[PDB]
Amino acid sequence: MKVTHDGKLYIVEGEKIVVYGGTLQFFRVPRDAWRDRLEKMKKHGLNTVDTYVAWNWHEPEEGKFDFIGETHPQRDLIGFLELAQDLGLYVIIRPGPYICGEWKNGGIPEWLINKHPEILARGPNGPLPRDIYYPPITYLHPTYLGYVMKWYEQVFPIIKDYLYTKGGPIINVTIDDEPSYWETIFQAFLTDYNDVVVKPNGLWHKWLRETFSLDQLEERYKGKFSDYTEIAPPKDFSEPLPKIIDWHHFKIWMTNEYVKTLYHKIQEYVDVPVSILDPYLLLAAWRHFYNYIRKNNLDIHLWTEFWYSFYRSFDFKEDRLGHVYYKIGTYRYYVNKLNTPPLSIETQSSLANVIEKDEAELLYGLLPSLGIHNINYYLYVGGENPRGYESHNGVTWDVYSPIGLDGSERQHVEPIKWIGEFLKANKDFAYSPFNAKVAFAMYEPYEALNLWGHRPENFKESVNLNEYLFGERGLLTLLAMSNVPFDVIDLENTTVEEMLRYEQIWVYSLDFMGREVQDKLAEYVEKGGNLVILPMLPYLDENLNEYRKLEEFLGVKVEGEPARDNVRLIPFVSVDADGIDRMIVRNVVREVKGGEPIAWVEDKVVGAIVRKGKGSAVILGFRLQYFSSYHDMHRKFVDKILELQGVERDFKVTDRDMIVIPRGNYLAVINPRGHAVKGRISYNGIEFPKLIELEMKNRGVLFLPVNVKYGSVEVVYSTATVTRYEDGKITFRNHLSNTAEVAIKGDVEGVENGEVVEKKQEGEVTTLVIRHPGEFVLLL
């Protein structure tokens, strides 16, 4: 029968499942080894196998298709689908045409590029070099699209036959791969100057015509123009910044058009959910993706991925919390609006030299914590590249995969196993809320500036948002580490009504901010919102014309020298505040004039709070960042800002190094630090544990039940994660401490694999302290 969904979980024959998967690229693993690798995968508790189908592998020469391994054992797609169904695994199939994968041309046949070079995307002064990885292709070139349709016509009859709805194992089809214009969208002027794009009345002139009036282009580029065809694409940073942002948005539109063409062809063959991974390889630009699929009525499931370390030892510590909170807050914003299940189809399990289990646990544990409860680990099964098909790794496709090319099991399987068990045993976790009091509000054009690293010529503010916002010392890392879980909203898409769901919104500002955005933020405050804005107020609009509406509304001026980019000339400044002694900040600090002062550098006020209408705004003349110290003034200052604006955390911890992310009846409890944390949690009118403290000896993640029912018993609280429930047996796991506290409403028959060293009965509640080697069973 059917594959459907309820916006939290996929539903197969009307059964809710948690997709818990690994990637096994059949075409890079010996055929002799497939059954072995899939059985180990099942043994680790995976219910799904992901694989690409590579156009250039199954069509090695124009017209010569092989899906049965006539020609090479590993060309046997049919056989791989048959075995996956035989062992009772679901399949996610990603048939491209582009599959990335560190694979020659990202799946695009060499014969195609050699036959039709006219399809190749061009630089502004001529062709790109031909020996670069993933030779960039003009997506909308008719010859390219004609050849893709040829590929889809061959692989989609097979996919169709192995769909869950046709009796097969395939539950999802993914479009292309993180379509990014072949990873060229990171550079303003690398692509694409192909004739179809740039000829008079080409895609560029068409897009301008559809997006803008000439009267708008005149204000925006500050020229006169009597026709759209007079406007050449920008090729360098002498050109108006608005026109370069437009060029960026225009590449994203060609990508959207590409995807729509693929979706329409796929829809002729497929009646299961259709997905896409990380459009454009961007985050804030997902506003364009959302708008495009809404406008074009495309039922595409947005899925995401986590990559943190490339061709070095895996490095996943406290430093990453900003970026992960940001990326998953952004993802959570979009899948909540689209009402599709959150899924990470590529969770890093390879391409780092060594993946240490406590660092892997922190990443893997954070996905469900922040709302991604469907998980595929990439790459799960180590392989080897057939000769001719190498790109990024030469021979090897076993860079610390959970299962090696030799079939060994590596250390990061431990966290992969127990998280699966927990998600399977607690499907209610999938339906849990994320009740953020606080939002970070992102302004998408800033993403583009940060991406390119070009500081506009008279900008008073740095475009290094990796340093000041996203990275290891970023504002967002500070908020994470200050125990402020946050949502992410897009300032252009959000309505004031949506903004008013948040007790507090943080905005990072540069020189320019769109008029509609500057107005909504003022109205947010007017209507009872609490804005925090730094390290300046904008004084320009989206055309870079004077616009200071937010600054006139708040009645404050933020004056100071422009920020410096020469690392030697970046000043250090000590900021005092009530209860705060010389909090270090970096780069120039601005005088905040007006409001009630809350932060000063000696004589000078550098931070203030104002009340406007029903609400308040905190204006900081500096870049607040995550610095760690005994004195810990940065986290203390965040606390003061939330108290100033009356923002109330749903929870308290006695050790502020213990990160808690409340999820209704579950607490995601996180030690991100490489040291022990020990303390108690206050949540939902209770404080626990009461008899012992909650000890996390090292880095790791717990998911603790608070008032969760298991059959006729309720777990009032646990210092250990429930990994399994059978009739009368609950299994608890805590590898971070040898002492667990459990409070139970129900009849406790006993404990397997643990000794009860303490017991209290208060009315209906049995409380036990259990000493255990890392896992114990309660009998009820």
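A residue's number is simply how far along the shown sequence it sits, counting from 1.
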| query | finding |
| --- | --- |
| Mean temperature factor over C-alpha atoms, higher-scoring stretch between 676-684 and 362-370 | 676-684 |
| Of 474-482 and 577-585, the stretch whose C-alpha atoms average the higher B-factor in the entry | 577-585 |
| Out of 611, 249, 634, 327, residue topping the C-alpha B-factor column of the entry | 611 |
| Maximum C-alpha temperature factor, selected from 320, 332, 94, 166 | 166 |
| Entry-reported Cα temperature factor of residue 67, expressed as the chain third it lands in | highest |
| Modelled-residue ranking by C-alpha temperature factor, third containing residue 9 | lowest |
| Third of the chain, ranked by Cα B-factor, where residue 725 sits | highest |
| Third of chain Cα B-factors occupied by residue 384 | highest |
| Ranked C-alpha temperature factor of residue 50 among modelled chain residues, by third | lowest |
